[PDB]
Amino acid sequence: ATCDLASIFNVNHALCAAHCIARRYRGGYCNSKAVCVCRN
């Protein structure tokens, strides 16, 4: 749910989630491939 380390851009979950969360969604989580999976 938090992320997956990613690298020097682990924050790639909070920024993307902003759009989703705003629409009353959960937001987004980094999958195994260290990529934000924002639920929108």
# chains A, B, ... in the order shown; residues from 1 in each chain; ligands from 1
>>> residues_around(residues="residue 12 of chain A", least_positions_apart="3", cutoff="9 Å", atoms="only C-alpha atoms", output="ChimeraX atom specification")
/A:3,6,9,15-17,29-30,34-36
>>> select_by_dssp(residues="chain A", states="alpha helix (DSSP H)", output="VMD selection string")
chain A and resid 14 to 22
>>> write_last_selection(atoms="N, CA, C and O atoms", output="PDB file, in the first residue's frame")
ATOM      1  N   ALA A  14       2.376   9.043  -3.342  1.00  0.00           N
ATOM      2  CA  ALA A  14       1.663  10.115  -2.666  1.00  0.00           C
ATOM      3  C   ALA A  14       1.206  11.181  -3.658  1.00  0.00           C
ATOM      4  O   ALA A  14       0.082  11.677  -3.575  1.00  0.00           O
ATOM      5  N   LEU A  15       2.088  11.533  -4.588  1.00  0.00           N
ATOM      6  CA  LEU A  15       1.781  12.550  -5.591  1.00  0.00           C
ATOM      7  C   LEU A  15       0.649  12.105  -6.510  1.00  0.00           C
ATOM      8  O   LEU A  15      -0.312  12.844  -6.722  1.00  0.00           O
ATOM      9  N   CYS A  16       0.766  10.902  -7.055  1.00  0.00           N
ATOM     10  CA  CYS A  16      -0.249  10.366  -7.955  1.00  0.00           C
ATOM     11  C   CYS A  16      -1.584  10.165  -7.236  1.00  0.00           C
ATOM     12  O   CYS A  16      -2.646  10.454  -7.792  1.00  0.00           O
ATOM     13  N   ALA A  17      -1.523   9.664  -6.004  1.00  0.00           N
ATOM     14  CA  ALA A  17      -2.718   9.401  -5.203  1.00  0.00           C
ATOM     15  C   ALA A  17      -3.572  10.642  -4.980  1.00  0.00           C
ATOM     16  O   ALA A  17      -4.785  10.529  -4.832  1.00  0.00           O
ATOM     17  N   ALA A  18      -2.940  11.813  -4.934  1.00  0.00           N
ATOM     18  CA  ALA A  18      -3.651  13.074  -4.701  1.00  0.00           C
ATOM     19  C   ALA A  18      -4.885  13.220  -5.595  1.00  0.00           C
ATOM     20  O   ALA A  18      -5.958  13.606  -5.124  1.00  0.00           O
ATOM     21  N   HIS A  19      -4.730  12.909  -6.875  1.00  0.00           N
ATOM     22  CA  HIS A  19      -5.828  13.003  -7.838  1.00  0.00           C
ATOM     23  C   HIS A  19      -6.935  12.005  -7.498  1.00  0.00           C
ATOM     24  O   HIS A  19      -8.121  12.329  -7.541  1.00  0.00           O
ATOM     25  N   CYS A  20      -6.530  10.788  -7.185  1.00  0.00           N
ATOM     26  CA  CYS A  20      -7.464   9.718  -6.863  1.00  0.00           C
ATOM     27  C   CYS A  20      -8.178   9.970  -5.531  1.00  0.00           C
ATOM     28  O   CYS A  20      -9.409   9.966  -5.470  1.00  0.00           O
ATOM     29  N   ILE A  21      -7.401  10.203  -4.477  1.00  0.00           N
ATOM     30  CA  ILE A  21      -7.938  10.473  -3.142  1.00  0.00           C
ATOM     31  C   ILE A  21      -8.950  11.618  -3.176  1.00  0.00           C
ATOM     32  O   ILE A  21      -9.979  11.564  -2.502  1.00  0.00           O
ATOM     33  N   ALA A  22      -8.652  12.646  -3.969  1.00  0.00           N
ATOM     34  CA  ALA A  22      -9.535  13.803  -4.100  1.00  0.00           C
ATOM     35  C   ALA A  22     -10.929  13.372  -4.545  1.00  0.00           C
ATOM     36  O   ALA A  22     -11.937  13.911  -4.085  1.00  0.00           O
TER      37      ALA A  22
END
>>> select_by_dssp(residues="segment 8-40 of chain A", states="strand (DSSP E or B)", output="PyMOL selection string")
chain A and resi 27-30+36-39
>>> write_last_selection(atoms="C-alpha atoms", output="JSON list (two decimals), in the first residue's frame")
[["chain", "number", "residue", "atom", "x", "y", "z"],
["A", 27, "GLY", "CA", -5.38, 6.76, -3.73],
["A", 28, "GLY", "CA", -2.55, 4.69, -5.09],
["A", 29, "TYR", "CA", 0.07, 2.13, -4.18],
["A", 30, "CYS", "CA", 3.33, 1.10, -5.82],
["A", 36, "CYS", "CA", 2.18, 3.86, -8.73],
["A", 37, "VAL", "CA", -1.16, 2.13, -9.23],
["A", 38, "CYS", "CA", -3.51, 5.01, -8.48],
["A", 39, "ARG", "CA", -7.12, 3.95, -8.10]]
